[PDB]
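Asks: Enclosed are the sequence and the experimentally obtained structure.
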Amino acid sequence: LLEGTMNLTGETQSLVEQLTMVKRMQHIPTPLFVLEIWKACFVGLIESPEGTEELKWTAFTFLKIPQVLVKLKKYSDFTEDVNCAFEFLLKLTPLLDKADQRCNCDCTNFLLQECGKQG
Amino acid sequence: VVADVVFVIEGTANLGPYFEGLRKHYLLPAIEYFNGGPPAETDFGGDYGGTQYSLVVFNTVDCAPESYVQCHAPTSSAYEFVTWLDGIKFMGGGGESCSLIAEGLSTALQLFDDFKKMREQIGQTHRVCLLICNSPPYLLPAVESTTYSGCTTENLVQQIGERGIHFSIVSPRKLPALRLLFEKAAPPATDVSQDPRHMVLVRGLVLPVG
Amino acid sequence: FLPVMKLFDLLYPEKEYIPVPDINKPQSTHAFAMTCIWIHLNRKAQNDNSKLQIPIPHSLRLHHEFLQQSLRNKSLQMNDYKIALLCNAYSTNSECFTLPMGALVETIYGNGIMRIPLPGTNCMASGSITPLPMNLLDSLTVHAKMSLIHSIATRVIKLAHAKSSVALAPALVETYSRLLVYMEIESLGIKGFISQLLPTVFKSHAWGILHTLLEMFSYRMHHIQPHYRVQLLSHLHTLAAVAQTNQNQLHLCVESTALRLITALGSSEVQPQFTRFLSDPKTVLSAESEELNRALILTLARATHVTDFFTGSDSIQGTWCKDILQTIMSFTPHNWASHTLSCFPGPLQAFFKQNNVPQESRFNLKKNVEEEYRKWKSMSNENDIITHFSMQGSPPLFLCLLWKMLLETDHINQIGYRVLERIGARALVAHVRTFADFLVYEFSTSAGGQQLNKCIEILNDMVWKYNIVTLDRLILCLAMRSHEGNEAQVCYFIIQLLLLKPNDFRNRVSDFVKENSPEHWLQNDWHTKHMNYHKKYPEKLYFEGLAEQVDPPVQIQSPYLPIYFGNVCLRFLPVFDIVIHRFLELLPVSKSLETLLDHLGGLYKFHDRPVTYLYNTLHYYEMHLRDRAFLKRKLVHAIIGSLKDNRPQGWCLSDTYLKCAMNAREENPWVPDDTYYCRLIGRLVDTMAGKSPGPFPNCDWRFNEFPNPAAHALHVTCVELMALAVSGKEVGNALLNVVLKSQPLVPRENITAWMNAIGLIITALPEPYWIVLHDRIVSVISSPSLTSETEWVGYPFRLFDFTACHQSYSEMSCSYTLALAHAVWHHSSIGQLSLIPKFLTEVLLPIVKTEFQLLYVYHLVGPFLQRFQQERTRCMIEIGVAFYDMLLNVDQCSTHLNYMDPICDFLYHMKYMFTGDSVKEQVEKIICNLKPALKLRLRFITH
């Protein structure tokens, strides 16, 4: 949520380095890790003010975060863990419905097709 | 009746031991005469009409970088005035006999000017000034005052005597200079001393005869 | 009191005088307040005068000078609020107070001027008819009001002790009624009214003052604390026991006042009030009048139905109701009708199935009537006639005798009025009772036709032309009978025809509702319109028409008592409520209720509590009105639309109800959507949150039936929900889906107030509305998220923490139904909570199989063992056994538990706090069947 709010324009490698650091400090399982990434992205999209910030948050969740996950996969059985995290997330229907009301469309469909495109 | 009471006290080692006696015999009854009946904790400040008391305490020149006069703001409570009279500490003095009466009188004059700009509901009131001193004046003209700088005690007490300010002197030791100043402050156109040693001359105010 | 001075110095920094405001506002009395404080400090400083004298400040000298000049003026009138300022400032003066005090009292007492006549004969009251206005009494202080109260009380005591026939002033009793509203003069007010004033008025045997005070309490009292109401009911019963009440005007007043207090006992005051009079049950019951006892039993029925007192039990024994009902069985053998008995609670039905007293046959009554008829036509000596037909203890058939007399002779001889005058008021209602049975038997046996209209005309002339019986008394004695089947249909047909065939009641009702208004606190010309009515339709109470139409016309000149408020239309109203309940109880007479509410429906403008009446009616007759949606619609629209003139737009029903459900049915009932229910619950959360526009207009809660705005919002919301044509399960599910389903208009970060309002609303509704929460819990217990998928297997003690809703991680109906279940059960009465053990051991226990469901049931029920251990201890034990049984099923049907430690600590906490050792024998069978680790931690349970 900090990288979304302050530096959208930062490079993904610094963010991947920081996230791998945090995963090594407190020993975080991969499904809970990717779940916290998606939950943070969606919560920050819902709480965004209307205007440019909402466009910036949609870009961060839709484009930057999928690229960050790809770099984590190279650095690290990632597909099973991200699929587990997606089922973890799909239990949370009120978050996804609040997001869908702000997205004016089902945003989880676009997420799943985008993560399919990235592999 | 409405009264603008200003006390001018010499806060030095002389008047140190004698002050408690003077307060019971003369100062405390004088406050009661202005405020009928003794004060106790119900009197409230802030009535701009009415009697308003004030203190000016002065010093000698040995408090060398400190200021010479400590003035207090006007109060309508006689009780706050009594606590102020308790709160004086007499610590000054040294190798001298005189004190800065000109400073205390000049700030008393500035008090009476600010009083005169304050009360406009009444044109003129009972404007009473007391001087509780134990010492002859210095020969310095007044230095730490604006609009009354460079004035001796005689000129200032002339300006007190004209314009209708009732000037009084309470002294525990009988002195010539104080008597001369009292004679000079004559308003334009009774033995009150309980103790023979005390010299008390009151132009204005009523104190029980002893 | 001296610390007020520094506060005044803080709030008032000024240099000059503060100007005097305009006196023609009441709020200008708030502008003078600190000067009245200063006067009150000066007058206390007058004691030890020079010691701490308090001078007026320089800012307050102008207002003090204004008060000095206005006291110095002696030409003082009530046109402005200068009189109020003078009373407020100088209420703490001995002789400076009397100069405004007499100035305002003499306008309302009215000495000297004239004597103005009250209706009837021989009534003359003191002159003044205009009372003090409300804003004047609201602009005095408390001490001025206490002095005015004590002055008026002493005046009424003196005029009581003067034994005078000059009645009390109308302005005086109107003003005293307006002053008993204030609960801050309480020890001088209603407490003194019932503890001191009324026993002395009874002691001096006034009957002039007593009738005024009972009239003022019946027609001008709104918010009375319930113990005063029960004390006054006891005093009315002791009064009706004594005082030789041949006065029909006094006995009618005390009987109608007790009827007005019984049926307006609130549904939750009954049990804590009547447990105080339990050892002395006779004090609060009538011993002679049966109808008040039947009204008390019906009030008991709807009180123990609305609060659900009897669930969690099925025996009436061991409860406070048994003593009351037993003491009503003596003094009043009376058997309830089946249609009426079918509506009661269970234990009341089991009580009234026994103690059934048999009754006389129809033919034996007919033979007895004919015996006394031939004895009247044969015997001729006048004093023997008068003594025989009014023998006390003889079967009362005298009104049936009169019926047969004016049926065919069409007149009455001189002697019957003498017999009636020797009977008195107390036995006369027994004569009305047997006359009612005789009426329904003869009307059943009569061929309907022109003979039927002859019978209805002679009954109408018995009511009005001869004035033998009052209409509400007759209709009450008809409606509270015990007849079955077609006889009950004939009785309610008699009531409908008697109200609707002549013009004699429709004229009085129409003329009263077109020319009056219920807001008596806003009116100053009440006595004028009262005299207009009582001129145009005089109410005769001591057999005046019979005294005229007797062939030697006997002139009676008996004195009438003071009547300021009372008339037949406002004496019919509680009887009309009972009658509407009787028409709902019986099936095939609903068209009579439709035409009654069409004609006499506007009379409910003057009902002191219409919305509580509708809430009690739809809540108690919900099983009957389930399939008659049109009748329920007609009832609520009549009772509400009677009031659409006085009270503001949108006071009761939502506008989207007013625009859709105010239509006729074309077999398309308006099925409401979720936006409707979100609007309703939004109105309740906005009244309870406090809102400056406010979804309701703001009223004067000193003069409503609801004490605060929240109770008003809740009752009109529940009336609107029960008045729909949609069944209970759909309304309850839609209320739950306000919060359970995802919804805009329901903000996150404000969800707990919405769950709070759903708890209050759906608890206050009948059984088929709040039973659906059990189905929702069952729907989430058998979910894939608790049973098969722990795909989100997050620590369940996070998952069932609802406050997780802080971050947007609320799971689903799991935590949402847990939160709404806690919000509903937190507001539930104990009779509604006591259906939880049946729901555990019958529904939930055959489906708890995994550990998450067991923890969900623990999270669901565990916080309410405090309520069970406090109030009803069977159910705590049954819940404890159910907990251990579910633990057994999950230990059997699972490989291992991950959370054996919180389960074990919960069970030890439940033992050491709530159950103790009542669960000993039945627990150890369960503990011994567990797996070894759980047994190793649970071994200390068995000691």
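Replies: Alright, I've got the coordinates. Numbers count the residues shown, from 1 in each chain, chains lettered A, B, ... in the order given.

Asks: Count the residues that sit near the residue of chain A found nearest chain B.
Replies: The nearest approach of chain A to chain B comes at residue A:49, 50.9 Å away (Cβ to the nearest Cβ). Placement of C-beta: from N, CA and C, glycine included. Residue A:49 is flanked by 8 other residues according to other Cβ atoms under 10 Å in any protein chain shown.

Asks: Now it: which helix or strand?
Replies: Using DSSP states H and E, residue A:49 maps to neither a helix nor a strand.

Asks: Leaving out sequence neighbours, find the closest residue to the residue of chain B found nearest chain A.
Replies: Chain A sits closest to residue B:46 of chain B, with a gap of 50.9 Å, by Cβ to the nearest Cβ. Excluding its sequence neighbours, the residue lying closest to residue B:46 (Cβ to Cβ, 6 or more residues apart in numbering or on different chains) is residue C:9, at 5.1 Å.

Asks: The one you found touches residue B:47, doesn't it?
Replies: No. Using Cβ atoms under 8 Å, residue C:9 makes no contact with residue B:47, being 9.5 Å away.

Asks: Between these two, which has more neighbouring residues?
Replies: residue B:47 (19 against 14).

Asks: Please name the residues that touch that one.
Replies: By Cβ atoms under 8 Å, 6 or more residues apart in numbering or on different chains, the residues touching residue B:47 are B:76, C:55, C:57-58.

Asks: Can you tell me which residue of chain B sits closest to chain C?
Replies: Counting by Cβ to the nearest Cβ, chain B gets nearest chain C through residue B:49, at 4.0 Å.

Asks: List phi and psi for that residue.
Replies: phi -80, psi 140 (degrees, to the nearest 10).

Asks: neighbours of it, just the number please.
Replies: Neighbour count of residue B:49, defined by other Cβ under 10 Å: 20.

Asks: looking at it, it is touching residue B:2, isn't it?
Replies: Yes. With contact defined as Cβ under 8 Å, residue B:49 reaches residue B:2; the gap is 6.9 Å.

Asks: Give me the common contacts of those two.
Replies: Joint contacts of residue B:49 and residue B:2 (Cβ under 8 Å, 6+ apart) are B:119, B:122.

Asks: Off-centre distance for the helix or strand where residue B:155 lies?
Replies: Under the criterion of DSSP H and E, residue B:155 resides in helix B:153-161. For helix B:153-161, the distance from its own C-alpha centre to the chain's C-alpha centre is 14 Å (Cα atoms, centre = their mean, to the nearest Å).

Asks: For it, C-alpha coordinates in CSV please.
Replies: The C-alpha atoms that make up helix B:153-161 are tabulated as CSV, following Å, rounded to 0.1, in the frame of the first residue of the first chain:
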residue,chain,number,x,y,z
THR,B,153,9.4,64.2,44.3
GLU,B,154,8.3,67.8,44.9
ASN,B,155,7.1,68.3,41.4
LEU,B,156,5.3,64.9,41.3
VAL,B,157,3.7,65.6,44.7
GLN,B,158,2.5,69.0,43.4
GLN,B,159,0.8,67.2,40.5
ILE,B,160,-0.7,64.8,43.0
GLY,B,161,-1.9,67.8,45.1
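
Asks: Show me which parts of it are buried, residue by residue.
Replies: Going by neighbour count (16 or more other Cβ atoms under 10 Å in any protein chain shown), the buried part of helix B:153-161 is B:153, B:155-161.

Asks: list the contacts for residue B:61?
Replies: B:68, B:96, B:100, B:138, B:140.

Asks: and the first one, which of the three is it?
Replies: Here residue B:68 takes the coil state, with states given by DSSP: H, G, I helix; E, B strand; the rest coil.

Asks: Now do the phi/psi pair for it.
Replies: phi -90, psi -40.

Asks: go on, the fourth one?
Replies: Main-chain torsions, residue B:138, degrees, to the nearest 10: phi -80, psi 170.

Asks: The closest residue to it other than its chain neighbours: how many residues sit nearby?
Replies: Counting by Cβ to Cβ, 6+ apart, residue B:98 is the residue found nearest to residue B:138 once chain neighbours are left out, at 4.5 Å. Close neighbours of residue B:98, defined as other Cβ under 10 Å, add up to 15.

Asks: hang on, isn't residue B:98 packed against residue B:133?
Replies: No. Between residue B:98 and residue B:133 there is no contact under Cβ under 8 Å: 10.4 Å.

Asks: would you list every one of the strands in the stretch 51-200 of chain C?
Replies: Taking DSSP state E, counting those that start in this stretch as the test, the strands found in the stretch 51-200 of chain C are C:115-116, C:124-126, C:166-167.

Asks: The last one pairs with which strands, and in what direction?
Replies: Just to be clear, that refers to strand C:166-167. Sheet pairing for strand C:166-167, assigned by DSSP bridges, gives strand C:124-126 (parallel).

Asks: Now do the phi/psi pair for the residue of the stretch 201-350 of chain C found nearest chain B.
Replies: Using Cβ to the nearest Cβ, the closest approach of the stretch 201-350 of chain C to chain B is made by residue C:225 at 41.5 Å. Phi and psi for residue C:225, reported as degrees, to the nearest 10, are phi -60, psi 150.

Asks: Which residue, neighbours along the chain excluded, lies closest to it?
Replies: Residue C:225 sits nearest to residue C:190 (Cβ to Cβ, 6+ apart), 7.7 Å away.

Asks: give the contact list for that neighbour.
Replies: C:180, C:224-225, C:228.

Asks: Next up, the contacts around residue B:200.
Replies: Contacts of residue B:200 by Cβ under 8 Å, 6+ apart are B:26, B:168-171, B:192-193, B:207.

Asks: looking at it, residue B:82 is touching residue B:31, isn't it?
Replies: Yes. Applying Cβ under 8 Å as the test, residue B:82 and residue B:31 come out as touching, 7.0 Å apart.

Asks: what residues are shared contacts of the two?
Replies: Common neighbours of residue B:82 and residue B:31 (Cβ under 8 Å, 6+ apart) are residue B:39.

Asks: Tell me the buried residues in stretch C:167-183?
Replies: C:167-182.

Asks: no wait, stretch B:132-140
Replies: Result for stretch B:132-140 [16+ other Cβ under 10 Å]: buried residues B:132-138.

Asks: now do the same end-to-end measure for that stretch.
Replies: This stretch, stretch B:132-140, spans 19 Å end to end (Cα to Cα, to the nearest Å).

Asks: With stretch C:801-812 instead?
Replies: So stretch C:801-812: terminal residues 12 Å apart, Cα to Cα.

Asks: does chain A sit close to it?
Replies: Yes. Counting by Cβ under 8 Å from any Cβ of the partner chain, contacts between stretch C:801-812 and chain A involve C:807-812.

Asks: Just want the most central residue of chain C.
Replies: Centroid-nearest residue in chain C, with Cα atoms, centre = their mean: residue C:264, separated by 3.5 Å.

Asks: Check whether that one really touches residue C:609, as I assumed.
Replies: Yes. Between residue C:264 and residue C:609 there is a contact under Cβ under 8 Å: 6.3 Å.

Asks: Spell out the residue ranges of the strands in chain B.
Replies: B:3-10, B:52-58, B:70-71, B:126-132, B:166-171, B:199-202 (DSSP state E).

Asks: hang on, the earlier thing: can you redo the contacts of residue C:190 as a markdown table with distance to residue C:356?
Replies: Shown next, in a markdown table, are the contacts of residue C:190 (distance: Cβ to Cβ, whole Å):
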| residue | distance to residue C:356 |
| --- | --- |
| C:180 | 44 |
| C:224 | 37 |
| C:225 | 38 |
| C:228 | 36 |
